[PDB]
Structure formats: C-alpha cells, structure tokens
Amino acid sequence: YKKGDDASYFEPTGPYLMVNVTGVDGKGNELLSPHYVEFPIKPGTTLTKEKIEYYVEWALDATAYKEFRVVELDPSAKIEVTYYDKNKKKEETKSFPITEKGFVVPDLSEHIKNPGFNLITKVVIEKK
C-alpha cells in the first residue's frame, strides 16, 4: 500500500505538494489565473527542476490548457513548507530553491503527518 490514487476530497494524510500556478504566454499575458492542485509525495524523493516542470504540466491537465507544454519556469520559484515545531512551540518555515540538482524531500514526521509543500509560480506555456 503506497500513497493514494485519484487523491482525496478531504485533506491529504501524507506529505503533499501544493501547486499554485499562473500560466502566461511568451509575452506575459495571463492565460490561467492561480490554479491549485495537490500531488502526494514521498519523503526521500529528490525534487529537481525538471520534475517540478512535469508536475506543473500535469497540474495544467485539469484546465483548458491540458494540451499546452511548460516552456519556462519562473527562476525565482521556491518550495516552502510551514509547520509548527513541537519542540520549540513556534512556527517554522523552510525554503528549498528549484535547481537542476534539486533537493531531497525531508521527513517532518516528528512535527506533522501531512505537511504541505508549497509551490507558487508563474510559468510560460505554449500549445504542444
């Protein structure tokens, strides 16, 4: 048993990536206003820039732009996760940059079962 098919109508019960994307064309005209989607993820995974690109493309498939491809990702994008440290009794936030080498998804089990890894970006997309 792994991490769930079609994904929950409720809040996930495992780590997940929240994708918040704004799709623009090569001229920055906006095509798709912020669109949100959740993908379950497994701690221990290496998230590279290329993987993120695929996830955002998959995020587009539930929109009028499913036939479009991701051309460029905003170079200022970052993954951030916010949780409550159970030892420190405070809000803590970690940032991970999107790079070619990527980063390994941490296990935040000790603090939260289902952390949400936030990805807010703008991407250039064009029809395939």
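Start at 1 and count along the sequence shown; that's the residue number.
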**Report entry** Residue range whose averaged C-alpha B-factor is higher in the record, 61-69 or 81-89
**Finding:** 81-89
Requested in this report: Between 113-121 and 6-14, name whichever shows the higher mean Cα B factor according to the PDB entry.
Outcome: 6-14
Requested in this report: Could you check 43, 34, 28, 40 and tell me which one carries the biggest Cα B-factor in the deposited entry?
Outcome: 28
**Report entry** Chain-wide C-alpha B factor ranking for residue 47, given as lowest, middle or highest third
**Finding:** middle
Query - Relative C-alpha B-factor of residue 53, binned into the chain's lowest, middle or highest third - result: lowest
